[PDB]
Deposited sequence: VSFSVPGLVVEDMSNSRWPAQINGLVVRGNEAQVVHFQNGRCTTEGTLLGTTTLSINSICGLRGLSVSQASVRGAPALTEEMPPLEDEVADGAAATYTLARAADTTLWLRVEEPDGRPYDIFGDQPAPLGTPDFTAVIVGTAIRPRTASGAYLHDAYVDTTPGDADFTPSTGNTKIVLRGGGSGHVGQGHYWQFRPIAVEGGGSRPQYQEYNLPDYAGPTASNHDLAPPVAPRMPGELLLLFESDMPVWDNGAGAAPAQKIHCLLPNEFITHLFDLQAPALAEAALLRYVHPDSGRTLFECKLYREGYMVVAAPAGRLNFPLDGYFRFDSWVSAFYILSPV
């Protein structure tokens, strides 16, 4: 099965760690905080890693049946499950259920109870994925969702819920959104397991290319908190493409060219390594290229293939 990547333009593709369109290409240096994303992890052969789901609407969210606080503003407790509705395998090969948020923040969103015969329900909600919240323990099969300023009488056990992400909190008093900082999936008192491996380009002069999106920020109606971004290694359209394809990797990396039709030419070239990340010969920072261009696979290359400088 011959290897390929989607011919879709970047501004048509979506972030694999957050519900948002790609609106930027940035290069990231080998900082102290090593890229260790659990979502948006796919090999060029289409092997999904960590908590990566193909279900785009299940990204950076939680879902499952409500349970009583005993058995573990208004607190909601979920028996977390996978996107397709099947049980989460606790002693399986994932750190958490697929689509589970893979960073620390207070994630603002909507708690949804969409199929209830007594009547559908939803409410403003948030999830604290920082170590500060001991009840964020999806690795052990439960997590706490906070319904903000309501929810009493609606969080009874035995009903299907989703938590769907909108924003992170910002502002001086509130917890820091740190997208490169993994949460404690088992809570403070227990360890993570089966994490997808860190991403750190080995070769000199090669730095990581990330796909950027805007990260909305909630600061309780002030409109004073600084704007945020969120990054991923491969857009979802890449991940679904690679997964469906199942093409054997014939070398350490795939040489892709970023093609811009209005320019009638290739603008830069990059290496997509088998492990599922792109690198460029470029210094850290934003790439000032138009996003109405697409990646094209031209050849299998060695890790020692020297890229043209961006």
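> Lining up the deposited sequence with the coordinates, I want the ranges that have no C-alpha atoms.
Going by the record, the one segment left unmodelled (no C-alpha atoms) falls at 73-103.
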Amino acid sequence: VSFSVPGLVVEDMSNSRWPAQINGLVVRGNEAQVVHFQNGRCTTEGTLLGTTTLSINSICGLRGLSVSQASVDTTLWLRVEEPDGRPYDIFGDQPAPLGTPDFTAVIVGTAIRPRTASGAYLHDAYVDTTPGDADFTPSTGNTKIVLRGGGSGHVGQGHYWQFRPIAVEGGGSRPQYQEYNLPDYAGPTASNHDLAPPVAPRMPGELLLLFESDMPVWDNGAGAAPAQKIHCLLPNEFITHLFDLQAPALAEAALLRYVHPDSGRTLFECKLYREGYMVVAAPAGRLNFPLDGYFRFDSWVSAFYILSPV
From here on, numbers count along this sequence of modelled residues.
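> Got a sec? Mean C-alpha B-factor, which is higher, 140-148 or 232-240?
Stretch with the higher mean C-alpha B-factor: 140-148.
> Per the record, averaged over C-alpha atoms, which has the higher B-factor: 95-103 or 189-197?
Comparing 189-197 with 95-103, the higher average CA B-factor belongs to 189-197.
> Could you say which of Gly109, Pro216, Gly132, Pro183 has its CA atom at the highest B factor, as listed in the PDB entry?
Result of the comparison over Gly109, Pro216, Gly132, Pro183: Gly132.
> Looking at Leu209, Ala227, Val155, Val168, which has the highest Cα B-factor in the entry?
Out of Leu209, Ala227, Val155, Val168, the record gives the largest C-alpha B-factor to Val155.
> Split into thirds by Cα B-factor across the chain's modelled residues, where does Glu252 land: lowest, middle or highest?
For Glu252, the deposited C-alpha B-factor lands in the middle third.
> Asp73's Cα B-factor: lowest, middle or highest third of the chain?
It belongs to the highest third of the chain when residues are ordered by C-alpha B-factor.
> Which third, lowest, middle or highest, does the CA B-factor of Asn30 fall in along this chain?
Within its chain, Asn30 is a highest-third residue by C-alpha B-factor, going by the deposited values.
> Which third, lowest, middle or highest, does the C-alpha temperature factor of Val67 belong to within its own chain?
Its C-alpha B-factor belongs to the highest third of this chain's values.
> Ordered by C-alpha B-factor within the chain, which third holds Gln246? Give me lowest, middle or highest, please.
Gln246: CA B-factor falls in the middle third of its chain.
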